[PDB]
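Protein chains in written order, with my numbering: chain X, 1 to 479; chain U, 1001 to 1477. Inspection log for the structure reproduced underneath, given as structure tokens.
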Amino acid sequence: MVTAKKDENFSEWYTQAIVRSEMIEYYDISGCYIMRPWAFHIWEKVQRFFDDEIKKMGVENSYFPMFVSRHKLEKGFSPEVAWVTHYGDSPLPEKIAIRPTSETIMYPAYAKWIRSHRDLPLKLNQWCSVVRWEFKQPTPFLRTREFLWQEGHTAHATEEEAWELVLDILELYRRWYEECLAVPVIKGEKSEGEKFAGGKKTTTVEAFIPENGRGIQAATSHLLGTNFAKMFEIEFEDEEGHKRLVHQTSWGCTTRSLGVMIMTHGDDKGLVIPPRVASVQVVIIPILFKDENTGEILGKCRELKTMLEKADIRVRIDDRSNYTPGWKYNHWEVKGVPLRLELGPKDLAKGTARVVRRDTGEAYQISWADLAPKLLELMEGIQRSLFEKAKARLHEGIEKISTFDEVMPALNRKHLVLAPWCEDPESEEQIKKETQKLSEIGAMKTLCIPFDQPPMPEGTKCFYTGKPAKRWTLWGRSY
Amino acid sequence: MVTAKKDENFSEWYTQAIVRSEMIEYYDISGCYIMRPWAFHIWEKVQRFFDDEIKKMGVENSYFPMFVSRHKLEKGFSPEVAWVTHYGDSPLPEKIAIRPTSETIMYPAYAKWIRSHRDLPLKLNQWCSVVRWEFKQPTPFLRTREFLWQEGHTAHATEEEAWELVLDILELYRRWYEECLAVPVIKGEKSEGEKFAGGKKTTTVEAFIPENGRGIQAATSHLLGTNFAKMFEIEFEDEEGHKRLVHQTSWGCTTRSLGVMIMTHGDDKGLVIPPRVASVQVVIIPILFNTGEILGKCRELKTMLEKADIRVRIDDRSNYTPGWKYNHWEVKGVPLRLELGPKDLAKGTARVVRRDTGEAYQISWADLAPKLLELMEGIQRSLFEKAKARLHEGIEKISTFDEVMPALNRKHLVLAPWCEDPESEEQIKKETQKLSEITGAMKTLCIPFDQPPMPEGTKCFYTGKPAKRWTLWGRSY
Ligand SMILES: Nc1ncnc2c1ncn2[C@@H]1O[C@H](COP(=O)(O)OP(=O)(O)NP(=O)(O)O)[C@@H](O)[C@H]1O
Ligand SMILES: Nc1ncnc2c1ncn2[C@@H]1O[C@H](COP(=O)(O)OP(=O)(O)NP(=O)(O)O)[C@@H](O)[C@H]1O
Ligand SMILES: O=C1CCCN[C@@H]1CCCn1cnc2cc(F)c(F)cc2c1=O
Ligand SMILES: O=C1CCCN[C@@H]1CCCn1cnc2cc(F)c(F)cc2c1=O
Ligand SMILES: [Cl-]
Ligand SMILES: [Mg+2]
Ligand SMILES: [Mg+2]
Ligand SMILES: [Mg+2]
Ligand SMILES: [Mg+2]
């Protein structure tokens, strides 16, 4: 059972939620954690969703090696690279790196495979793990030294096509968070300071954690332009016979998405799992005490299960004899199962079951015949309700502002700011260092420049420099 | 085109088939290979099959870290372990190993999670890669330094329930090979010398490669007994409050299965992929050297076949003749080619050619979906049954040690009555090695579940002592 309160010590709440729900087991190698089945089933759901969707785009899965040779890799990231130096007691002739990301592993093959327009677009993805020796404080799911992800890497004849894929993938990430995990996200573009330096333009979806006021990057999708094509000699011949550079994209999203879901929907009793990604949508609990009707309770439970499955409802009967009914309520609650159905002798006689929804704790008396459609209705309710409350909290957490003098107070309130900005280079660093300084007495950075821009009245000035502002940019402390 | 003949230069045939089909891309780190979509799709297919099946048994997926501390890992195999000693320019406090297998990572967690009979059975699996710095020559799929696999590790209150699971998992590996890959395998028990030394009994599915006469272990399923439970202190209180040791199993199968399938079904033109796992089951080739008439029809045919869950691609590439395309998709092993030219358009028919035999069929458009489903089932089954007959043509039943070298020289396995005493296996290994020299060694592959009749008073082929069971032996991978 969870005892830390979400609104008091947040980090201790998160730790308790993930351990006691049996999502995570701690591990002796710092920054790495065991994903137990209750968390893994969720990853399988979002994984199957994203994967199905990219397959409709013609993206194919592959698998490239987890090792890259020193010299290929080495053609502020260097301190993060894990190096294999020995096999048994023998030193490798040359040390070898574990993949922090796969550009240096995939792009030489791309140069080889692409010869003409007939070879494009090339669209590949892989699901795998990557290793980065993160210097920031690690946190399960959100920042780990080994994490699971997919990375997609595509190559196109033209920028327009490449860019169209960038946005398509970004929309899939919106759907992963918003439609599967009921977590709202803001699409936007990274500032010049925050974008992937290997690319032309980096797009993102950004989420927000109210309890610590932290913005967090949810996924990423890069228009790479042609710089990688120039670096790796990825060229093709047009249908006219000339040699052209390819236009590339890459995109990735990780098990971080699970941590974001946990933090968003969790409460003081622990986990709350959105029905769309819950492996157990409805747990059925037989109420057994003093031998009253034991066999008839269990029988109708099996009957209800079969009925609910016809409607594609994912149902588990917890008929384990070595646990009390009250232990079961607690167990499945801390685990965040969206609906609990209880069946004792009193309920049995009536042709009804008592059903409790995990998000609000509301109980329903429902007749056996109304079950399938009532539960489907409740599950859409839960899913939509989880999302809309999270959305309202996201919007309560963002403050529209005009001047730097408004910044520090908004941060103390654990909010982000949407502020007009000239998008100058020195600016962001200045702002980072200064909010850094005022906080110590930490830093605030740009999260993104939202795609959805409020109007910009003529003559409005950059909130920091005083110069003419360009667009509204979202800022805050972040992960 | 593939030019090395499969029977005459098998090693070069293999390399040619996997590269020219675009399954595999070579790579600068030894024993590591890129798996391109044409190969990877097949992996997703067998993975989806095996995963769906173990989920029916209540096995649940998880992900344990790829790193294990030196202290945990070291609680024979030592030279194979890859060690990380630095991050960037900084030395670690102690070296950390990349997982060559996950026992030392999982079993301490199991010792914590298992306290009571009600925690049992515990049934976990993971899909991941493992790394082993193999000393033997690397071979794409069959023996790689990084490989993809699943490993299942379970714990039970009793040996009986553990053994039940061992056998159910082994039956699933038989299915993975025989049903998905159309590769016949032989269930068996490993000898004392060949079993996992950390377990009580190892079961296996064994396959045969006729072109080089070598047996190859296809997958493995172990009754671990209680020794890991002693080692890691995995105990539970039973119903009476008594501390008991759990009974364990583990099992694994790798991307090696893809290479076994390639070798089993390939021919001189290249790959033949069983319809149940092919990325493309039906390639539609328009006979063109556009107005929209032929392509238009190809799209309609595709749509109609996709309605029947047939995986289709139209090869509408501009720069290539039909004959070039035929060969291209043959080398890739697409089981069915659908040809559509002006004469076909004119007659409402399409010509279909199956990759395994080259038989051609004239089929009306209306009939395509049902006839192609039926051809795919016929191809899948016919691949299996021809490979099955080749497996059994590759095994010689013998009585005496003098029958051995002639059998091995015919690139055949041998089935012989064996007394199963510990020392004779090593002796047979050494003796067949030395005779070969005049990887030549003959070892046991498995003691098959399917035991041929054993006449009363039959002697061990080697020691002459009384013979227990028939054992299958051969050169192997
Ligand atoms: N260490 C990590 N653990 C888990 N998820 C991560 C980690 N690092 C990055 N991510 C997520 O993976 C996505 C793509 O990774 P990438 O864009 O390479 O990260 P990044 O540039 O290193 N971000 P950051 O580490 O904050 O500077 C990011 O948008 C994050 O959502
Ligand atoms: N290097 C490898 N590459 C690909 N598949 C492998 C490799 N090593 C083992 N396998 C397969 O994975 C299965 C389970 O692995 P395991 O039982 O640990 O192998 P093993 O005991 O090392 N066999 P061997 O290396 O021949 O002595 C084996 O039965 C093989 O089918
Ligand atoms: O963000 C993506 C999506 C997946 C493809 N890669 C891009 C950029 C990745 C940014 N990134 C992130 N982290 C890294 C860490 C390293 F150690 C390293 F060598 C490189 C990187 C690195 O390039
Ligand atoms: O048979 C399997 C597959 C599923 C569970 N794991 C076992 C492999 C155990 C045998 N084995 C096999 N190979 C190993 C290689 C190593 F480098 C190492 F450290 C350990 C091993 C090792 O234990
Ligand atoms: Cl070496
Ligand atoms: Mg980073
Ligand atoms: Mg950054
Ligand atoms: Mg080995
Ligand atoms: Mg061995």
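Yeah, the Cβ is synthetic: ideal placement off N, Cα and C, and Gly gets one too.
Residue i: CB within 7 Å of a non-hydrogen atom of ligand 3
i	result
X:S250	yes
X:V81	yes
X:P108	no
X:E146	no
X:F67	no
X:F232	no
Closer than 7 Å: residue i CB and nearest ligand 2 heavy atom
i	result
U:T1444	no
U:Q1217	yes
U:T1254	yes
U:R1143	yes
Collapsed DSSP secondary structure at residue i in the structure displayed
i	result
U:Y1326	helix
U:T1204	strand
X:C448	strand
residue 521 of chain X	Residue 521 of chain X falls outside the range modelled here, since chain X spans only 1 to 479, and no answer is possible.
X:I169	helix
X:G299	helix
U:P1422	helix
U:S1069	strand
X:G381	helix
X:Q217	strand
U:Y1063	strand
U:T1264	helix
U:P1466	strand
Contacts of residue i in chain U (Cβ-Cβ under 7 Å)
i	result
X:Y63	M1035, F1040, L1148
residue 568 of chain X	One cannot answer for residue 568 of chain X here, as it falls past the ends of chain X, which runs 1 to 479.
Heavy atom of ligand 4 within 7 Å of residue i beta-carbon
i	result
U:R1132	yes
U:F1064	no
U:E1103	yes
Under 7 Å from the C-beta of residue i: neighbouring residues of chain X
i	result
U:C1032	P65, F67
U:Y1027	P65
U:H1086	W83, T85
U:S1476	The premise fails here: U:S1476 is roughly 24 Å from chain X at the closest Cβ pair, so nothing lies under 7 Å.
Proximal chain X residues relative to residue i, where beta-carbon distance stays under 8 Å
i	result
U:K1072	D28
U:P1100	Per Cβ cutoff of 8 Å: no residues; U:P1100 is ~11 Å from chain X at best.
U:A1155	Simply none; closest approach about 14 Å.
U:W1133	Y87, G88
Heavy atom of ligand 7 within 7 Å of residue i beta-carbon
i	result
X:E206	no
X:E194	yes
Residue i Cβ short of 7 Å to ligand 5 heavy atom set
i	result
U:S1030	yes
Residues that residue i contacts on chain X, provided the C-beta gap is smaller than 9 Å
i	result
U:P1079	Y87, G88, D89, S90
Within chain U, partners of residue i - CB distance below 8 Å
i	result
X:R320	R1118
X:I169	Near X:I169 there are no residues of chain U at all, since even the closest Cβ is about 18 Å away, more than 8 Å.
Heavy atom of ligand 1 within 7 Å of residue i beta-carbon
i	result
X:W149	yes
X:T220	yes
Contacts of residue i in chain U (Cβ-Cβ under 9 Å)
i	result
X:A109	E1025, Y1027, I1034, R1036
What ranges does the alpha helix (DSSP H) occupy inside the region 226–261 of chain X, keeping only unbroken runs of at least 4 residues that lie completely in it?
227–232
Quick check: the region 305–322 of chain X against the region 345–353 of chain X, are there 3 or more CB pairs under 8 Å?
no
I'd like the ranges of any beta strand (DSSP E) spanning at least 3 consecutive residues and lying wholly in the region 1083–1156 of chain U.
1090–1098, 1122–1131, 1146–1156
For the region 242–256 of chain X against the region 279–286 of chain X, do three or more pairs of beta-carbon atoms, one drawn from each stretch, fall closer than 8 Å, so that the two count as touching?
no
Within the region 1174–1201 of chain U, note down every full beta strand (DSSP E) run reaching 3 residues or more, in order along the chain.
1186–1189
If contact is defined by three or more beta carbon pairs under 8 Å, each pair taking one atom from either stretch, is the region 99–109 of chain X in contact with the region 124–144 of chain X?
yes
Check whether the region 1432–1448 of chain U and the region 1186–1195 of chain U are in contact - that is, three or more C-beta pairs closer than 8 Å.
yes
Stretch-stretch touch, CB-based, cutoff 8 Å, three pairs: the region 1166–1179 of chain U with the region 1416–1433 of chain U
no
Cβ contact check for the region 1396–1415 of chain U and the region 1137–1150 of chain U: 3 or more pairs under 8 Å
no
Examine the Cβ distances between the region 260–276 of chain X and the region 230–237 of chain X and report whether three or more of them are shorter than 8 Å.
no
Can you find at least 3 beta carbon pairs, one from the region 251–268 of chain X and one from the region 213–223 of chain X, that sit closer than 8 Å?
yes
Three-pair Cβ contact test at 8 Å for the region 1382–1390 of chain U versus the region 1175–1188 of chain U
yes
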